[PDB]
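Chemist: Chains as they are written, first to last, in the working numbering: chain A, 352 to 515; chain B, 352 to 515; chain C, 352 to 515; chain D, 352 to 515; chain E, 352 to 515; chain F, 352 to 515.
6 protein chains.
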Amino acid sequence: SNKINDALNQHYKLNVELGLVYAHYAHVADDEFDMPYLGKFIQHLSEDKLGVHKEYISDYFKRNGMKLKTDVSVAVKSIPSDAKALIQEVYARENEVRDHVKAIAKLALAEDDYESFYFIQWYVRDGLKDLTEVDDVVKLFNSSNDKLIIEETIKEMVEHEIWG
Amino acid sequence: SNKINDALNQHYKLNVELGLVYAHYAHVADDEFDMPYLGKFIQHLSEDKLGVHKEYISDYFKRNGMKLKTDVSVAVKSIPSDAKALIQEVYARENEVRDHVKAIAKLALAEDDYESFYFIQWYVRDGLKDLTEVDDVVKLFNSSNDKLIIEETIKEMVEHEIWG
Amino acid sequence: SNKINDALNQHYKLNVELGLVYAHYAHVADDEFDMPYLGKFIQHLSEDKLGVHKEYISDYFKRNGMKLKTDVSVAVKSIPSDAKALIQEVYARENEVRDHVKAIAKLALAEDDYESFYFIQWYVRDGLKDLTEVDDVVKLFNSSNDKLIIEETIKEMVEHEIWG
Amino acid sequence: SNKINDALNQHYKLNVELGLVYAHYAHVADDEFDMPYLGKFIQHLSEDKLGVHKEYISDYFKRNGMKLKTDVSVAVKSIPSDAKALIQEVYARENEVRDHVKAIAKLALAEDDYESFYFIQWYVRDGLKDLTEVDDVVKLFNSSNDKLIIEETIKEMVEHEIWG
Amino acid sequence: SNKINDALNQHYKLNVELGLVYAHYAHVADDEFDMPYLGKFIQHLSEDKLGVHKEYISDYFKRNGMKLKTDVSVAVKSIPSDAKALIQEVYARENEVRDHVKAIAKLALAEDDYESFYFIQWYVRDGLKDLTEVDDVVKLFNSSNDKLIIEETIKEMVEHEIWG
Amino acid sequence: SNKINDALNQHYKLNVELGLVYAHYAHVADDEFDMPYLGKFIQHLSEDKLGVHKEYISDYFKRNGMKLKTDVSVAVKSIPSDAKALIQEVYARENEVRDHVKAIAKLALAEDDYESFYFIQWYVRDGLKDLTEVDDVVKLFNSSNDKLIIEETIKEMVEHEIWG
Ligand SMILES: [Fe+3]
Ligand SMILES: [Fe+3]
Ligand SMILES: [Fe+3]
Ligand SMILES: [Fe+3]
Ligand SMILES: [Fe+3]
Ligand SMILES: [Fe+3]
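#1: What residues from chain A crowd round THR504(C), counting only those whose CB sits closer than 7 Å?
#2: Inspect the beta-carbon positions of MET417(D) and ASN356(D) and report whether they are closer than 7 Å.
#3: Measure from the alpha carbon of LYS413(F) to the alpha carbon of each residue in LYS428(E), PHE412(E) and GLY390(E), then state which is nearest.
#4: Roughly how many whole angstroms lie between the Cα atoms of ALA374(B) and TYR376(F)?
#5: Cβ of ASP399(C) versus every heavy atom of ligand 5: is any distance shorter than 6 Å?
#6: Decide yes or no for the touch test of the segment 416 to 433 of chain D against the segment 464 to 482 of chain D: beta carbon pairs closer than 8 Å, at least 3 of them.
#7: Comparing the C-beta of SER495(E) with each C-beta of chain D, is any distance below 7 Å?
#8: With a threshold of 6 Å on Cβ separation, who are the neighbours of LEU359(D) within its own chain once the five nearest residues in sequence on each side are excluded?
#9: Can you give me the C-alpha to C-alpha distance between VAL489(C) and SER495(C), rounded to a whole angstrom?
#10: Who are the near neighbours of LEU371(F) in its chain, counting only those whose CB is closer than 7 Å to its CB and skipping five residues on each side?
#11: Please tell me whether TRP514(E) and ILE513(B) are closer than 7 Å, where the distance is taken between their beta carbons.
#12: Reducing DSSP to helix, strand and coil, say where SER424(A) ends up.
#13: Which whole-angstrom value describes the C-beta separation of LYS420(B) and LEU369(B), a residue pair presumed to lie in contact below a C-beta threshold of 8 Å?
#14: Mind reading off the beta-carbon distance from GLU445(B) to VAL485(B)? Whole number of angstroms is fine, and I expect it under 8 Å.
#15: Can you find a CB in chain E that lies within less than 7 Å of the CB of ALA459(B)?
#16: If you scan the segment 388 to 437 of chain F from start to end, which runs of the beta strand (DSSP E) of 3 or more residues do you find wholly inside it?
#17: Are the beta-carbon atoms of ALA461(B) and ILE471(B) separated by less than 7 Å?
#18: Start and end of the alpha helix (DSSP H) containing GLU512(B)?
#19: Going by the C-beta, is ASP450(A) closer than 6 Å to any heavy atom of ligand 8?
#20: Given that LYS453(F) touches chain E, what residues does it touch there, using C-beta distances under 9 Å?
#21: For ligand 6, any of its heavy atoms closer than 6 Å to the Cβ of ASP433(F)?
#22: Three-state secondary structure (DSSP) at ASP486(B)?
#23: In or out: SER397(D) buried (at least 16 other Cβ within 10 Å) or exposed?
#24: Can you tell which of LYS354(E), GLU466(E), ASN353(E) and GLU502(E) has the C-alpha that lies nearest to the C-alpha of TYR411(E)?
#25: Closer than 6 Å to a non-hydrogen atom of ligand 1 - does that hold for the CB of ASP481(A)?
#26: Exposed or buried, what is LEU491(E) when buried is set at 16 or more other beta-carbons lying within 10 Å of its beta-carbon?
#27: Taking 6 Å as the cut-off, is the C-beta of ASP477(C) nearer than that to any heavy atom in ligand 3?
#28: Taking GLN472(E) as the query, report the chain C residues whose CB atoms sit under 7 Å from its CB, ordered along the chain.
#29: Just to confirm, is the Cβ distance from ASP464(A) to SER352(A) under 7 Å?
#30: Hey, is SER432(B)'s beta-carbon within less than 7 Å of any beta-carbon in chain A?
#31: With 7 Å as the limit, tell me which residues of the segment 410 to 440 of chain F have their beta carbon closer than that to any beta carbon of chain E; keep them in chain order.
#32: What are the boundary residues of the alpha helix (DSSP H) that includes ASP382(C)?
#33: Taking Cβ to Cβ, would you say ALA380(C) is nearer than 7 Å to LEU437(C)?
#34: Which residue's Cα is closest to the Cα of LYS498(C): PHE384(C), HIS395(C), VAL441(C) and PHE392(C)?
#35: Using a Cβ-Cβ cut-off of 7 Å (strictly less than) and excluding sequence neighbours within five positions of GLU440(B), which residues of its own chain qualify?
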């Protein structure tokens, strides 16, 4: 089936682009907003987005017999004003990748291709896991106004059976 | 100094592009040329190119006070015919990054910016180290004709005080 | 060469004077500004400035055959108003010692005296390391207004491969 | 009481000056008189003179409520002829610091300031301890004429309940 | 570049010749001057001169792509009169190899060949290290006149972070 | 006896020359014939030829009362075409040193100098041991034609009561 091929290629592309964008956001949050631990958090997100999230697609392509296509285009020319807008933008990106994964899963189940469904279950779980991990931090900036308190909270954060 | 800034930005861009290209080459060498261990070798190269090689530039920029710029554009539309041409192309890329690093070091020393010189010494070493690691394998395909012998050699390979 | 001798003697003198000044600043920050941990931080700076930073110059003089000269004159008759101005003054002193080291390195390389260059590389690294360590704390007083939060941050602070 | 303040400030100044002078003497004894172990001995003396001997005064000032004053002036323009005159000069400096401490203790007891007396007991002990440690070595150069025998003796030296 | 090739070939030749000469001097100091430990010292020097000091040049030639040339010519027909002249001659040889290394480093930096500079830094350090190790012993024969005292000193000698 | 002196001096000279020649052959076999393990083998041979094989003669000369003479002259201006001719030349050198040792032993026994006979027994054993070790490898190139198989054999080789 070529529809699953196209959808998984789109997901590969999206994952690479998000990895690079998150890396840049982590750097700019460390260098300008004077919050190194928000930088470490977004850097861990970027590493997970550039590692297993695309290595698994490459491996599945090796295993079932599809063709891979590399095509990336990223140019970060705009950044938000403070840490709150930055973390809300990261949250929106996660909320979008959730819907993309849902669309791929529906397409796979409508093709009678149950190996691809069993494959995409991992993503329909990890999407919610990571969105929750990011929402836990976007909730912080609604709770206090001293930067160092939020810093220590995120520090102790970085220091389940269904989802986790 | 802005010249060092421009040169290091160019190096950042080059490193990201090479990382992606090497990842694709590793996959296509595993999937088509029936050599998984050449795939593992090129994958380790891609990981080193996408990790520390750009994280160190990001950290140095954080530390001295320069501005980072993300701009990538990669589209792999051509691949070689057999493993020998693939490994020779990888070798050529390494031979090019060597010259790029040499130019950066000359520019840094001609600016009276000795912190950047002390910083780029690491790269003028790692360039030769990695070029040697790749030449060791491009020498293999001039020595035998059975694929599995080369496979076992690379397997035992993956299994100094100045350079290393 | 006598020019390198004069430059290294000037550096010896500067290091001794900075050691004493930092010791006094640590005491006055402990006794008046009610911040003992800022005192401990500046005391560790003073110890590093009065120890190895001049012992290494004495050793190099013993080793290559130059003459040492002791001449100190310090009189701290003015102190800043609050901890922020104190830490900014410490930062300025670090930013000055950086330029002094850069000048010595240029002079050494222009003399064809490569042993002195290999010797001063240690200083062109440690300058950036220590300036970063002090900037990390001068960033704190732009982030909060409760003294004890900054205290706990510095406490957990006191509790790399290129630079560090 | 301000008299104790003045006396302890004088002792602080004297200790810093002696520290620097002893450091220079250690270097010149290592570099010219071809005796590295006499250098190590005088260096340990200089470290003890520049460390606890003034840190304790700084701490006591923090604790009782007096003001500290930093004012140093050292210029070593003359050095003795051989190791014997050097060690005799060090001995004379110790014999002088003994009398200075005795004067401070008398002044403290004549003021009805018994905390300062309890504080200065440590110094009236350490003075005799260190003078004895130096006399043990100035006795050596009255016993032999081979430099290396004295060297081995001092080496094994560097390798009580009332005083010690 | 062929100039660096010629210079490194000259250094290879010089190192082999010095190795052989030092071996002969060690033997003759053991057999005639009745000092076995001076023999052991000079033998360790000869081993370091014949081992890594030329193996590293061979390895660098393998690594960058230059050609090696073996041409040796040694004939020890004259020896000094006592141990003092012997150790002073060894010292002079070290003082000469220092200048040879300095010339090679200048030539490398004037060619814009920074890999050779990074390579020769090791030698510009080891030269000073070894010259200091030999001067420590040539200082002994200015301190005493009993042979066995010097023997025990050298015995305990044979029994840093920048240089060492 | 001076005849034994002359013969042992000749053996000393021969051993030094063979050491240097073998070192060069090891390098050229690593750099040109693309066989690093043959290089390691010949390097171990060169180390044994330059170490104990001449240190024992130096020690025996110290012990019985003869005079040592250093005179070397080597110029490697010709090398064979492939690894087989190289290893056959090494074998011929071993076959020659065997006969030289036999001649020395006959001369010693014909002089009624039984200490020299007891001394040379070690060499009349080690000659056969080393010739066998080299013949084991010159037999390999008569058994296969893939370079990497021979490589793995020599690798596992490098990884008795009369002779050994
Ligand atoms: Fe994830
Ligand atoms: Fe690398
Ligand atoms: Fe420091
Ligand atoms: Fe003391
Ligand atoms: Fe050495
Ligand atoms: Fe042998």
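A virtual CB, placed ideally from N, CA and C, is assigned to each residue, including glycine.
Modeler: To lay it out plainly:
#1: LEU499
#2: yes
#3: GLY390(E)
#4: Approximately 40 Å, taken between the alpha carbons.
#5: Set against 6 Å, the gap from the CB of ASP399(C) to the closest heavy atom of ligand 5 is not smaller.
#6: no
#7: yes
#8: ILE408
#9: 12 Å
#10: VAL425
#11: no
#12: Reduced to three states, the DSSP call for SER424(A) is strand.
#13: At roughly 17 Å, the Cβ-Cβ gap does not stay under 8 Å, so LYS420(B) and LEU369(B) are not in contact.
#14: 5 Å
#15: no
#16: Restricting attention to beta strand (DSSP E) runs no shorter than 3 residues, the segment 388 to 437 of chain F encloses them at 422 to 426, ordered along the chain.
#17: no
#18: Counting along the chain, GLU512(B) falls outside any alpha helix (DSSP H), and DSSP gives it neither H nor E.
#19: Ligands in the displayed structure: ligand 1, ligand 2, ligand 3, ligand 4, ligand 5 and ligand 6; ligand 8 is not one of them.
#20: Those do not exist, as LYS453(F) stays about 27 Å from chain E at its closest Cβ, beyond 9 Å.
#21: no
#22: helix
#23: buried
#24: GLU466(E)
#25: Shortest gap from the CB of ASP481(A) to any heavy atom of ligand 1: under 6 Å.
#26: buried
#27: yes
#28: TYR469
#29: yes
#30: no
#31: Residues passing the 7 Å Cβ filter: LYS413, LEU419, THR421, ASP422, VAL423, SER424, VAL425, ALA426 and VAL427.
#32: It spans 353 to 382 - the alpha helix (DSSP H) in which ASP382(C) sits, taken as one unbroken run.
#33: yes
#34: Among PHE384(C), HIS395(C), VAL441(C) and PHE392(C), the Cα nearest to that of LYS498(C) belongs to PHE384(C).
#35: Same-chain partners within the cutoff: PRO431.
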